[PDB]
Amino acid sequence: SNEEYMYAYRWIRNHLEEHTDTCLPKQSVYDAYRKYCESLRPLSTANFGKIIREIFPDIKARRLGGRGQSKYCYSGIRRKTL
Amino acid sequence: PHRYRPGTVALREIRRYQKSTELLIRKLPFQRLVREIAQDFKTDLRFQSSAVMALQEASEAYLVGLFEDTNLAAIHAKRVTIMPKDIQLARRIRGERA
Amino acid sequence: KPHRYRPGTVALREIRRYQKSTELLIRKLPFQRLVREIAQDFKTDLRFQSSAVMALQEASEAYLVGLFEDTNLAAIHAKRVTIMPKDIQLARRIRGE
Amino acid sequence: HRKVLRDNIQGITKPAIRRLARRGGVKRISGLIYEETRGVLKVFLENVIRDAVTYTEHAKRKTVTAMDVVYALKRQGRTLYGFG
Amino acid sequence: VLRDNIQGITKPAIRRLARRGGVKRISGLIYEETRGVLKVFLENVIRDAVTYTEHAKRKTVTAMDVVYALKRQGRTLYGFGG
Amino acid sequence: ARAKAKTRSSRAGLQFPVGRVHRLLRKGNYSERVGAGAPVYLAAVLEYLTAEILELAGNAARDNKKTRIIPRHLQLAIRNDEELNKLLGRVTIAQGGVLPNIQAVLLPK
Amino acid sequence: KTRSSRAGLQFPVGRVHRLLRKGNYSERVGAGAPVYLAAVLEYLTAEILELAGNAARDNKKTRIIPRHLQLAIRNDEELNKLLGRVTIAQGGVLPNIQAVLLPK
Amino acid sequence: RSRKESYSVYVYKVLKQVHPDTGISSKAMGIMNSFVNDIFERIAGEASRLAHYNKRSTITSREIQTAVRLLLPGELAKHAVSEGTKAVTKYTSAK
Amino acid sequence: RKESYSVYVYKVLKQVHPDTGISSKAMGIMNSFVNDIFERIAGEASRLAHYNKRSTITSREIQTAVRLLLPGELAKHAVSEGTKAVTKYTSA
DNA sequence: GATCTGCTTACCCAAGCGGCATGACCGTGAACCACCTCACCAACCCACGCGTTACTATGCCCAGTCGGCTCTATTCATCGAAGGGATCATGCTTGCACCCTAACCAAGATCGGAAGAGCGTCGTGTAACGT
DNA sequence: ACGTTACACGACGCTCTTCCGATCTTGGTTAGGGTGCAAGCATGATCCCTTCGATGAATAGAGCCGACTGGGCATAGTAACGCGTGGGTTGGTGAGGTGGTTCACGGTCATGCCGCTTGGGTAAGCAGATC
């Protein structure tokens, strides 16, 4: 129900910090969150984007990488180094 | 029943939407509306996401200011309900429809 | 016994007469003295070239006429004919002043 | 490979107009202002998008950037902070 | 020295200004409101013109200064120079 | 410099001065350089606008049985045309008066 | 040694000088104009940021967001007049309900 | 002795071309001069802004045409754009 | 590699409020405000220099432009700050 | 309650006409600034490469939307009333034209120094790669 | 946590060329008050209609549920756009005569138009009727 929302909020708040320059692979963040949640039910991949959009206002969804190998990336966040 | 008396849920919604800074118009229908409107000027012209976002923010701010002026006109007219003539007067005084 | 016009006829005559003319409606000397008094609060002993006063008068009359057009539009909107201070206040507020 | 869009201005739903009015400060809403608020929004968007498309066309570009919309709004005496 | 000249904007001037504006009936308390509005507008425009004429190392408010002051507020004036 | 000195307003068929407009554009603090075809275009636009407003003013002056265009005629020609009124909405014309418009509610029954 | 510190400022006066010279505002730019402009810009920025911080501390927050900037701007008469036509993106509106619509 | 320029020589020529038998008063000529100066300032400022936005250091006919389209409303913009294009074509076609 | 006013706005914010941070949307709005006010004052100074048939923009033109644009006490305080900065600049 | 008249009081206009009064034009002239001349680089234009993107089309699902019922709070539509305003009459108070205008200030050159522009060198940040 | 294709960016030192603090007239402008004169303005009656407070009646907008469905996210494909990089064509000035332009002015005249009657044409209120 809403327990997953609170857990995702907390994980994003103390694991991701807003930074206007750096860009992160979009799949890596969700995989790390799922690995964290596999220690006690993880949020759906279509709702994790909504949660991270609510938490960070100024975040973009770029599609980086070379031709053919373009993968999605969050732009505006990085790891909190903790 | 416990039905709320009319006129208080309106004030609750006013206090909710005045202290909140999200976007009121849904993003996708507004983007489609912008694309349709620009379909008449030049065809095969794409829109950046930031351009649509800026258009939405500006349009929402403009409509909110216009509705503030309309509410002022309605209150001046000894009313509480805003009406199409109120919007027309508000746009006429500001210098938008001669 | 004397020919007494009913209230509103002379007002309409003045409306039709003063829109057909282009002359200055405020007296020149009182407006010049008022402008000098206002300007004495920003610079003591400040001369006025006798054309800036005329430009100020033209601009002020145009502003007041536009404001009264807006005031009349607001007064008619409230199912009224007489223009009231709240009409002027509403017009100036909606304009953004 | 494109689509044509028609009957879209009514995609600005009545609840959206109600929420805009609530943020404005409106307590009661007449049922006839939605069809007028939609027209007002349409004409404002038409003007702003016309100016933005002109700015883009002069730049020999085929996509409307955010700076184009910002300049189009600035032309009509409506500055916008937040997009450069 | 001059004092209390805003009363020089007489009632038969504010009236006939409303008449040019197209007003049929006039309230009794609107003359003072019009005098106040005229005073504030004149104060703004004259202050701008005085700054314009002070930057020019002058002591006479030229009509060009008044025209520029009006243009600064968006009320462009035609008939005295541009 | 052996030529007849054909002025730039004669090549383009305009009446407004191309050279004066070019000089103003140069010493007007607009850009470092000004293309040769820009003064011609600007002078043509200015001349067209002047011709249109003067035509409307002359039309509004013949109605009043007058030979001399006065500021009132310019105001009448500007406040009537929709495009001109939109272009010069904020502009005040000295001694122009106002358009004779009376609301339909103030009129008697 | 840097010119922005010789004037005791935080904003850059070299960048302001370059923008004033390359912006085509005049043929020449005096050596004292960038300093004055940088000082004015820094003062205005400091005033708005101080008001924004005061408005953000009221909400028991620690980050200034566009809502706090709008609250600071609209609650000061001079700043509201200066930024009168300006629209702040995602800044909302200042809460003000007309006293007529309140119940009684 | 304080030689000041004006458009009163050219506005009269344009008026005589349109209305061959209609003079213009010296007070309306001042208004027409101010109108010409104001429209010139508007168009030149918009052209300079357009040049600066695209990092161009030259005002071509493209900048003036775009400025005219941005400023002049609707039909006026189309007519003035056609006039300017015709004048430029005639100018470059006649050296 | 685009020049911006982020570092200096952050320095100013730390000078006034040493504890409160600033978001990225708020930083973008601050950058836009700085650019817009700079453009306003520079344009007013350019018009002032052109009206008096001058060619240079000195501190006097900027000061008069500040007097013209900024209202009320803001103009007074900004003029005082600019004058202080200018007099500190010329004194080495 | 509104259909016609018994007519008696306030605004344009083609005259005649005077009389200014403003605009067009003729030379003056005289700065004065647009114009036509070889060169010469910065400014602009154009071709090619890829990274990235706007617009397409699935997949999920619940929170927002659409629509019908009920009801009452809100907006109209009348009635009186009386109290603001409109209109007209007298008596001026003060604005409106011309001047003895004397002081005063806005301009057109003067003394140099003060200062800014434009080039030559020199101090501080980084588009990615290992322990 | 540490260095680079050394480029962006700014600052310092040095010619070269413009540009201002003080005067020096110079005369054009404005405000040192003064005379008359009539024409808007002040003030006061008077009565007129409009606006403003009840007061029922309509009515439609606001809650409130019940279905229901699409926006708001994440994925990819693809034709295309846009920036970066490298070569390859063009306007202001090194300016310098050179002469048509246009700007001021004295003046003369043509006529445009602002005011005195003359008499028309328009609106507009003050009095006559009854279920």
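Details of the structure are given in the entry above.
Rules used throughout
Residues numbered from 1 in each chain as written, not as in the entry; some residues may be left out. Chains lettered and ligands numbered in written order. Heavy atoms only, no water. Residues with missing side-chain atoms left out of burial classes, pairs and counts. Helix = DSSP H or I, 4+ residues; strand = E, 2+ residues; numbered from the N terminus. Rg over C-alpha atoms; globule rule 2.2 N^0.38 Å. Buried < 20%, exposed > 50% of the residue type's maximum accessible area, 1.4 Å probe, protein only. Contact = heavy atoms within 4.5 Å. Areas by Shrake-Rupley, 256 points an atom, 1.4 Å probe, with all protein chains shown as cover. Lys, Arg positive; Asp, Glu negative; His and termini not counted. Charge placed at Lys NZ, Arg CZ, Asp CG, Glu CD. Near = heavy atom within 4 Å. Polar contact = N/O pair within 3.5 Å; in protein donor to acceptor, adjacent residues only side chain to side chain. Nonpolar A, V, L, I, M, F, W, Y, C, P; charged D, E, K, R; others polar. Pairing = 2+ DSSP bridges. Patch = residues over 30% accessible without salt bridge, like charges linked within 9 Å, V, L, I, M, F, W, Y side chains within 5 Å. Salt bridge = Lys/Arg side-chain N within 4 Å of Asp/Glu carboxyl O. Expected span 1.5 Å × (residues − 1). Arc of directions from axis to C-beta.

**Q** When you look at the overall build of chain G in this model, what are you seeing that I'm missing?
**A** Counting its secondary structure elements, chain G contains five helices and three strands. In sequence order, the secondary structure elements of chain G are arranged as α-α-β-α-β-α-α-β. Against the globule reference of 13 Å for 104 residues, chain G gives a C-alpha radius of gyration of 19 Å, more extended than a compact globule. Structurally, chain G occupies a C-alpha span of about 65 × 30 × 20 Å along its principal axes. Counting only residues that meet the buried cut, chain G has 54% of its 104 residues in that class. Residue pairs in contact within chain G that sit at least 24 positions apart in sequence constitute 37% of those at least 6 positions apart. Of the roughly 4900 Å² of accessible surface on chain G, a fraction of 45% belongs to carbon and sulfur atoms. Seen as two clouds, the 17 positive and the 8 negative side-chain charges of chain G have centres 10 Å apart.

**Q** Explain the protein's contact with DNA strand J to me, please; I cannot follow it from the model alone.
**A** Around DNA strand J sit 77 residues in total, of which A:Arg62, C:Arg4, E:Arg15, F:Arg11 and H:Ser26 are the nearest. Here a base oxygen of DNA strand J and a side-chain polar atom of C:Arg4 are 2.3 Å apart. Contact between DNA strand J and C:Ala11: a phosphate oxygen at 3.1 Å from a main-chain N or O atom of the residue. With six residues, the top contributor of residues to the surface near DNA strand J is helix α1 (residues 9–20) of chain C.

**Q** Which parts of the structure should I look at to understand the interface of chain H and chain F?
**A** It is common to report an interface's size as the accessible area lost on association of the parts. With 57 residues of chain H at the contact, the number on the chain F side is 53 residues. No other element matches the 16 residues that helix α2 (residues 26–53) of chain H contributes to the side of chain H that touches chain F. Among the residues making up the side of chain H that touches chain F, the classes are represented as 30 nonpolar, 16 polar and eleven charged. Where strand β2 (residues 68–69) of chain F lies against strand β1 (residues 23–24) of chain H, two bridges are found, and the strand directions are parallel. Bridge pairing links F:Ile69 to H:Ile24 in β1(H).

**Q** Would you mind going over the protein's contact with DNA strand K with me for this structure?
**A** Near DNA strand K lie 73 residues; those nearest to it are A:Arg63, C:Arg36, D:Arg18, H:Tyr10 and I:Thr56. Counted by atom, the contact set of DNA strand K within 4 Å of the protein is 85% sugar and phosphate. One of the backbone nitrogen or oxygen atoms of F:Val34 is found 2.6 Å away from a phosphate oxygen of DNA strand K. G:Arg18 places a polar side-chain atom, nitrogen or oxygen, 2.7 Å from a phosphate oxygen of DNA strand K. Ranked by residue count, the leading element in the surface near DNA strand K is helix α3 (residues 45–55) of chain A, at five residues.

**Q** Would you mind showing me how to read a nonpolar patch on the surface here?
**A** All names here are of chain A. A surface patch of nonpolar side chains, amounting to about 440 Å² of accessible area, comprises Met6, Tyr7, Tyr36 and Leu40. Take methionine 6: it is sitting in helix α1 (residues 3–15). Residue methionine 6 is classed as partly exposed on the basis of its relative accessible area, which comes to 42%.

**Q** Would you take a moment to explain the side chain of B:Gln56 for this structure?
**A** Residue and element names in this part refer to chain B. Relative to the helices and strands, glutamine 56 is located in helix α3 (residues 49–76). The buried category is assigned to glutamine 56, whose relative accessible area is 0%. With near-sequence residues (within four places) excluded, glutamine 56 lies in contact with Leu23, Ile25, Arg26, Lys27 and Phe30.

**Q** Which parts of the structure should I look at to understand the pattern of salt bridges?
**A** Opposite charge on two side chains makes pairing possible when the charged atoms of those side chains draw close. By the definition in use, this model includes 31 salt bridges over all chains. In this structure, B:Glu96 engages B:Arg94 in a salt bridge whose closest nitrogen and oxygen atoms are separated by 2.4 Å. Since its relative accessible area comes to 32%, B:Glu96 is described here as partly exposed. Several salt bridges converge on common partners, so that one network encompasses C:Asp70, C:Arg92, C:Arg95, C:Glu97 and E:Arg75.

**Q** What's the story with α1(C) in this structure? I'm lost.
**A** Structurally, the α-helix is built with 3.6 residues per turn, so residues lying three or four positions apart point the same way. When the terminal C-alpha atoms of α1(C) are compared, their 17 Å separation across twelve residues agrees well with the 16 Å that a helix rising 1.5 Å per residue should span. What α1(C) keeps buried is the set C:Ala11, C:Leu12, C:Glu14, C:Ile15, C:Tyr18 and C:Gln19. Mapping the buried residues of α1(C) onto a view down its axis gives an arc of 160 degrees, with all of them on the same face. Against the buried residues of α1(C) lie α1 (11–21) of chain E together with α4 (71–80) of chain F.

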